[PDB]
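Listing of my_file_12.cif; format and content: mmCIF, C-alpha atoms and all ligand atoms.
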```
data_run
#
loop_
_atom_site.label_atom_id
_atom_site.label_comp_id
_atom_site.auth_asym_id
_atom_site.auth_seq_id
_atom_site.Cartn_x
_atom_site.Cartn_y
_atom_site.Cartn_z
CA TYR A 354 7.01 23.56 -61.18
CA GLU A 355 5.11 25.94 -63.47
CA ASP A 356 4.75 25.70 -67.29
CA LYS A 357 1.54 26.16 -69.41
CA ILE A 358 -0.61 25.45 -66.27
CA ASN A 359 0.57 26.02 -62.71
CA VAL A 360 1.17 23.19 -60.23
CA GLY A 361 1.93 23.75 -56.55
CA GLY A 362 3.57 21.36 -54.11
CA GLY A 363 4.69 21.48 -50.49
CA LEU A 364 5.93 18.99 -47.90
CA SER A 365 7.74 19.21 -44.58
CA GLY A 366 8.88 16.61 -42.06
CA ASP A 367 10.44 16.90 -38.61
CA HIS A 368 10.62 14.41 -35.75
CA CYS A 369 12.54 14.51 -32.47
CA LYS A 370 12.80 11.95 -29.67
CA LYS A 371 14.75 12.01 -26.41
CA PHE A 372 14.88 9.12 -23.94
CA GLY A 373 16.46 9.11 -20.50
CA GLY A 374 17.35 6.67 -17.75
CA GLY A 375 19.06 7.01 -14.39
CA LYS A 376 19.61 4.49 -11.60
CA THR A 377 21.84 4.47 -8.52
CA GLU A 378 22.03 1.96 -5.67
CA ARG A 379 24.11 2.21 -2.49
CA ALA A 380 24.44 -0.22 0.41
CA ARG A 381 26.60 -0.34 3.53
CA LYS A 382 26.83 -2.91 6.33
CA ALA A 383 29.10 -3.40 9.34
CA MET A 384 29.17 -5.84 12.25
CA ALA A 385 31.50 -6.09 15.24
CA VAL A 386 31.28 -8.47 18.21
CA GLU A 387 33.47 -8.12 21.31
CA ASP A 388 33.07 -10.26 24.44
CA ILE A 389 35.21 -10.25 27.58
CA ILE A 390 35.20 -12.99 30.23
CA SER A 391 37.24 -13.07 33.45
CA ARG A 392 37.31 -15.91 35.99
CA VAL A 393 39.56 -15.55 39.04
CA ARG A 394 39.84 -18.19 41.77
CA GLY A 395 42.00 -15.97 43.94
CA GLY A 396 40.97 -16.90 47.46
CA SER A 397 39.86 -13.57 48.98
CA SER A 398 36.34 -12.80 50.17
CA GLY A 399 36.47 -9.34 48.61
CA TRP A 400 39.81 -8.87 46.88
CA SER A 401 39.38 -11.85 44.54
CA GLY A 402 36.18 -10.33 43.17
CA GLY A 403 37.74 -6.86 43.17
CA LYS B 246 -3.78 34.02 -57.79
CA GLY B 247 -3.38 31.45 -55.03
CA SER B 248 -1.13 30.90 -52.01
CA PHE B 249 -1.71 28.40 -49.20
CA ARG B 250 0.25 28.16 -45.95
CA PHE B 251 0.25 25.66 -43.09
CA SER B 252 2.26 25.50 -39.87
CA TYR B 253 2.30 22.82 -37.17
CA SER B 254 4.50 22.60 -34.08
CA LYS B 255 4.51 20.07 -31.25
CA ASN B 256 6.51 20.06 -28.02
CA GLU B 257 6.67 17.49 -25.22
CA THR B 258 8.74 17.15 -22.06
CA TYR B 259 8.36 14.43 -19.42
CA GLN B 260 10.48 13.96 -16.30
CA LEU B 261 10.46 11.31 -13.57
CA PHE B 262 12.58 11.04 -10.42
CA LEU B 263 12.39 8.57 -7.54
CA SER B 264 14.65 8.07 -4.51
CA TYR B 265 14.58 5.71 -1.54
CA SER B 266 16.92 5.23 1.42
CA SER B 267 16.86 3.19 4.62
CA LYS B 268 19.24 2.90 7.58
CA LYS B 269 19.07 0.52 10.54
CA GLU B 270 21.31 -0.12 13.55
CA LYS B 271 20.91 -2.47 16.50
CA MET B 272 22.93 -3.22 19.63
CA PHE B 273 21.82 -5.48 22.48
CA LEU B 274 24.17 -6.89 25.11
CA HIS B 275 24.38 -7.88 28.76
CA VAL B 276 27.08 -8.15 31.43
CA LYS B 277 27.14 -9.73 34.88
CA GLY B 278 29.50 -10.34 37.77
CA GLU B 279 29.36 -12.19 41.09
CA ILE B 280 31.79 -12.03 44.02
CA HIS B 281 31.30 -15.24 46.01
CA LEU B 282 32.34 -15.48 49.66
CA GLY B 283 31.84 -19.00 51.01
CA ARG B 284 29.99 -22.24 50.34
CA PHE B 285 28.29 -24.62 52.77
CA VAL B 286 26.94 -28.16 52.47
CA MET B 287 24.06 -29.01 54.79
CA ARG B 288 24.01 -32.57 56.11
CA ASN B 289 21.20 -34.56 54.49
CA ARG B 290 20.35 -37.19 57.12
CA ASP B 291 20.58 -37.14 60.93
CA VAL B 292 19.36 -33.54 61.13
CA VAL B 293 18.34 -31.58 64.23
CA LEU B 294 15.44 -29.13 64.08
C1 LIG C 501 8.32 24.48 -41.24
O1 LIG C 501 8.76 23.36 -40.46
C2 LIG C 501 9.88 23.67 -39.62
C3 LIG C 501 10.30 22.37 -38.97
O2 LIG C 501 10.31 21.30 -39.90
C4 LIG C 501 9.49 24.75 -38.61
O3 LIG C 501 10.63 25.08 -37.83
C5 LIG C 501 8.98 25.99 -39.34
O4 LIG C 501 8.50 26.94 -38.40
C6 LIG C 501 7.86 25.61 -40.31
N1 LIG C 501 7.43 26.77 -41.07
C7 LIG C 501 6.49 27.62 -40.64
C8 LIG C 501 6.18 28.77 -41.55
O5 LIG C 501 5.93 27.48 -39.56
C1 LIG C 502 10.50 21.35 -28.04
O1 LIG C 502 11.19 20.62 -29.04
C2 LIG C 502 12.50 21.13 -29.33
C3 LIG C 502 13.01 20.32 -30.49
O2 LIG C 502 12.96 21.07 -31.69
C4 LIG C 502 13.37 21.05 -28.07
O3 LIG C 502 14.64 21.62 -28.36
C5 LIG C 502 12.70 21.77 -26.91
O4 LIG C 502 13.45 21.56 -25.73
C6 LIG C 502 11.27 21.27 -26.72
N1 LIG C 502 10.61 22.04 -25.68
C7 LIG C 502 10.66 21.72 -24.39
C8 LIG C 502 9.92 22.63 -23.46
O5 LIG C 502 11.30 20.75 -23.98
#
```
Taking this structure as input, can you express it in the form of structure tokens?
Ligand SMILES: *[C@@H]1O[C@H](CO)[C@@H](O)[C@H](O)[C@H]1NC(C)=O
Ligand SMILES: *[C@@H]1O[C@H](CO)[C@@H](O)[C@H](O)[C@H]1NC(C)=O
Amino acid sequence: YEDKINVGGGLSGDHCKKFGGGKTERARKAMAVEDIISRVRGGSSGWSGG
Amino acid sequence: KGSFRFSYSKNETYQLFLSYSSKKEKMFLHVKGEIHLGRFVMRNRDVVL
């Protein structure tokens, strides 16, 4: 504003903020159990085992 | 006459990134087989040498 005497004024304001977050988790598991048993009382010296 | 001027500017950029991975596998096993032929029973007492 200026009248009989001059007066000067000036102001400025600016602010900026940016936040960020990122997370990712991955997991994988697997289990398999296979057992085979064979008992033969056949009566041959070789063929029973064969 | 009078004229004053001022200018200020700031600028910031940060970035962070982290990654981790692990994989494991295990397999231990055993197999066996026997083909028997004949069994004997040695006499305990009254033995010849
Ligand atoms: C005044 O401030 C703004 C942000 O508030 C800026 O963009 C501009 O450059 C400034 N003026 C001058 C002359 O630097
Ligand atoms: C500086 O700040 C401005 C906000 O006015 C933004 O757009 C720009 O990306 C910033 N500079 C950098 C290098 O990030």
Centre, edges in Å (one decimal): axis-aligned box, range 281-289 of chain B, 3 Å padding on all six sides, as lines of an AutoDock Vina configuration file:
```
center_x = 26.8
center_y = -24.9
center_z = 51.1
size_x = 17.1
size_y = 25.3
size_z = 16.1
```
Using only C-alpha atoms, tabulate the residues of chain B lying at most 8 Å from any atom of chain A, each with its closest atom pair and that distance in Å to one decimal, by chain and increasing residue number, as CSV.
```
residue,atom,partner,partner_atom,distance
B:279,CA,A:402,CA,7.4
B:280,CA,A:402,CA,4.8
B:281,CA,A:398,CA,7.0
B:282,CA,A:398,CA,4.8
B:283,CA,A:398,CA,7.7
```
List all protein, DNA and RNA residues that have any atom at most 7 Å from ligand LIG 502 (chain C), counting only C-alpha atoms and all ligand atoms, and write the list as an MDAnalysis selection string.
-> (chainID A and resid 369) or (chainID B and resid 255:258)
Could you pull out the residues sitting within 8 Å of ligand LIG 501 (chain C), using only C-alpha atoms and all ligand atoms, and write them as JSON, numbers by chain?
-> {"A": [365, 366, 367], "B": [250, 251, 252, 253, 254]}
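CA of residue 248 in chain B is positioned 18.2 Å from CA of residue 357 in chain A.
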